[PDB]
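Structure record follows, encoded as structure tokens.
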Amino acid sequence: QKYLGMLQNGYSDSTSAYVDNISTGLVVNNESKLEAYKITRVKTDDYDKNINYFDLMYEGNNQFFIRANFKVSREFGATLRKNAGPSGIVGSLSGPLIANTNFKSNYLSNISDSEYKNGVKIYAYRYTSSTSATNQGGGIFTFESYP
């Protein structure tokens with residue numbers, strides 16, 4: 001147990017595939033691999049993800065931002081382009097809203113499998129109000145789906 005975190009041999013499927021040495025598996029619909037999968041991402045003033053909900057993942061029809069933890073941000077957020085670059089709301093964080101599995105963070109298809117396998121997409125703005133943008137970290141992302 002002191003090597004790998006937790007592999008889902010009939011355990012909970014809350015993603016949790018996180019800092020490198022946590023062997024964790026998941027299988028969902030819309031890309032061709034059963035995933036013993038890993039995430040090794042670092043962003044600013046951060047250790048692994050911070051503020052709950054920050055990765056790239058794999059449920060929906062496209063390649064998109066994680067549903068990392070069980071609380072859902074209905075927040076209509078502005079996920080803009082690559083590291084520390086503001087270019088406008090390409091990602092309009094909104095529905096769908098469901099949870100309990102690896103799910104979609106408002107279909108950020110624009111951030112794709114190339115930015116998933118050794119990605120850069122923990123960067124994100126948070127909005128308290130309808131236009132109050134705050135930057136709390138952003139940097140390297142990493143993922144690897146495997147047998």
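Scheme for the structure tokens: letters A, B, ... for chains in order shown; per-chain residue numbers from 1; ligand numbers from 1 in order shown.
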Identify, on the basis of only C-alpha atoms, every residue whose closest approach to residue 98 (chain A) does not exceed 12 Å; exclude the query and any residue fewer than 2 positions from it along the same chain; express the result as a list in words.
->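 The contact residues come out as residues 59, 60, 67, 68, 69, 70, 71, 72, 73, 74, 94, 95, 96, 100, 101, 102, 103, 104, 105 and 106 of chain A.
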Region 5-139 of chain A: which residues are strand (DSSP E) by DSSP, as a ChimeraX atom specification?
-> /A:24-26,35-39,56-57,64-65,77-79,91-93,125-127,133-135
Near residue 107 (chain A), counting only C-alpha atoms, which residues have an atom at most 8 Å away, once you skip same-chain residues fewer than 4 positions from it, shown as a list in words?
-> residues 60, 62, 63, 64, 65 and 91 of chain A
Take the residues from that selection and put them in a file with C-alpha atoms, as an mmCIF file, in the first residue's frame.
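Saved to selection.cif:
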```cif
data_model
loop_
_atom_site.group_PDB
_atom_site.id
_atom_site.type_symbol
_atom_site.label_atom_id
_atom_site.label_comp_id
_atom_site.auth_asym_id
_atom_site.auth_seq_id
_atom_site.Cartn_x
_atom_site.Cartn_y
_atom_site.Cartn_z
ATOM 1 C CA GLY A 60 -18.001 12.566 -22.541
ATOM 2 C CA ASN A 62 -14.888 14.824 -26.506
ATOM 3 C CA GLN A 63 -11.717 15.483 -24.469
ATOM 4 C CA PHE A 64 -12.371 17.845 -21.651
ATOM 5 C CA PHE A 65 -11.873 19.048 -18.078
ATOM 6 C CA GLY A 91 -14.814 27.437 -22.061
#
```
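Shortest atom-to-atom contact with residue 80 (chain A) among A:39, A:133, A:57, A:17: A:133, counting only C-alpha atoms.
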Report as CSV the residues of region 83-115 of chain A within 8 Å of region 75-78 of chain A, each with its shortest atom pair and distance in Å (one decimal), using only C-alpha atoms, ordered by chain and increasing residue number.
```
residue,atom,partner,partner_atom,distance
A:88,CA,A:78,CA,7.7
A:89,CA,A:78,CA,5.0
A:90,CA,A:78,CA,7.3
A:91,CA,A:78,CA,5.7
A:92,CA,A:78,CA,5.4
A:93,CA,A:77,CA,4.4
A:94,CA,A:76,CA,4.9
```
Quick one: of A:3, A:146, A:141, A:125, who's nearest to residue 81 (chain A), counting only C-alpha atoms?
->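 Using only C-alpha atoms, the shortest distance to residue 81 (chain A) belongs to A:125.
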Nearest to residue 46 (chain A), chosen from A:111, A:116, A:29, A:19, with only C-alpha atoms counted in the distances |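 Closest to residue 46 (chain A) of all the choices is A:19.
The two atoms in question, CA of residue 51 (chain A) and CA of residue 140 (chain A), are spaced 15.8 Å apart.
Here CA of residue 55 (chain A) is placed at a distance of 10.2 Å from CA of residue 42 (chain A).
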